[PDB]
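Presented below, as structure tokens, is a lone chain in the form deposited in one PDB entry.
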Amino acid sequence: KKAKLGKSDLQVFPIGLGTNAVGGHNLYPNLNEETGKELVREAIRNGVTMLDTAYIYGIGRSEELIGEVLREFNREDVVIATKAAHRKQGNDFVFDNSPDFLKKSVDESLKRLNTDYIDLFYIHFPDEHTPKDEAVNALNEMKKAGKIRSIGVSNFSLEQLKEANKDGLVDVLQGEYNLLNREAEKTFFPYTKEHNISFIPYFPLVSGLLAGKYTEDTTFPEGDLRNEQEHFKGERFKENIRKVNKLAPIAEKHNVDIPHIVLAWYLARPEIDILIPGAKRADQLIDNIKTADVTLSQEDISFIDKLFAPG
């Protein structure tokens, strides 16, 4: 019912909620803000502990909406993770990890969330010129003052992570990882496991491909982002569909669906304590809570590992 996130003292239910569809108007068209608030409220009512947001989600709006729902509950019963790096420049953004920028971003995030502390604060993307250990040290000043309780980094290369953890202050790393892109096992995993840094994957279901939602005849409307990715093209796509479908007997056996088996396999890794699947509505997040009750056998884990062995 509760996992400890690496070196941090954060205790959380193993399925968290990603909030980029709660007020993220710069990312999605036609979003309903009350639908987003009900998603956050129902996640908390159903036992999800961690809410993962970011400044770029709606350019502050996701954090403001989450903050409004937070008023309805007890602050200490929830774990809030948020992130910063995007800095407005012209009509887009550039990344900034400078000490003063990160500290000011933490202050502005607390105001949007309308709360006095953040549980986990991430450097969302690495900038080019700031030495990463100084960027992390700036967040540690906020940790010392009680404004944040843990520090994370995301989208950092292994060398950037080592510089950032120079003094051992990084508690969590968010990075791309899934059954079709398992490169993190060779690079990051040995390092995060050794240092007790919690690893949270992003893109765990490959835009639905690993959820067994498509067939080899599936096509997507023009302009659809899936059409651009190689996992979704030619014979590779058909090969991907055939392997995912071989997961159906394991899902039937555990009385869940294919995505629940894939997400449970990530949680069985010693390096991973929590998953943050996304959702647009309360009902979709509730379907992903089922994942937590799955107990894969060692034979299930080994079979999936070999079935999805790197090509």
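Residue indices: 1-based, along the sequence shown.
The stretch 223-231 shows the higher mean C-alpha B-factor when 209-217 is compared against 223-231 in the entry.
Per-stretch averaging of Cα B factors for 84-92 and 131-139 places 84-92 on top. When the C-alpha B-factors of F73, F189, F237, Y177 are ranked from the entry, the top spot goes to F237.
For the set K144, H124, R112, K104, the maximum C-alpha B-factor listed in the entry falls on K144. Annotation for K193: CA B-factor lies in the middle third of the chain's modelled residues. Ranked by Cα temperature factor within the chain, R149 sits in the lowest third according to the deposited record. Compared with the other modelled residues of the chain, the Cα B-factor recorded for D257 ranks in the middle third. Among all modelled residues in its chain, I66 ranks in the lowest third by Cα B-factor. Looking at the C-alpha B-factors along this chain, the one for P270 belongs to the middle third.
Below, we refer to the form deposited with a small molecule bound, which is not included among the displayed structures.
No residue of the trio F93, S98 and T130 has any heavy atom within 4.5 Å of the small molecule in the entry with it bound. Between the options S207, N140, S157, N181, the residue in contact with the small molecule in the entry with it bound by a heavy atom within 4.5 angstroms is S207.
This chain is drawn without the small molecule; in the entry with it bound, the residue among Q284, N32, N245, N46 with a heavy atom within 4.5 Å of it is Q284. Partner contact region in the entry with it bound: 207-215, out of 207-215, 235-243, 181-189, 162-170, criterion any non-hydrogen atom within 4.5 Å of the small molecule. At least one heavy atom of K280 is located within 4.5 Å of the small molecule in the entry with it bound. The small molecule is not drawn, but in the entry with it bound it has no heavy atom within 4.5 Å of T115. The small molecule is not shown here, but in the entry with it bound it comes within 4.5 Å of a heavy atom of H124. Taking non-hydrogen atoms only, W265 never approaches the small molecule to within 4.5 angstroms in the entry with it bound.
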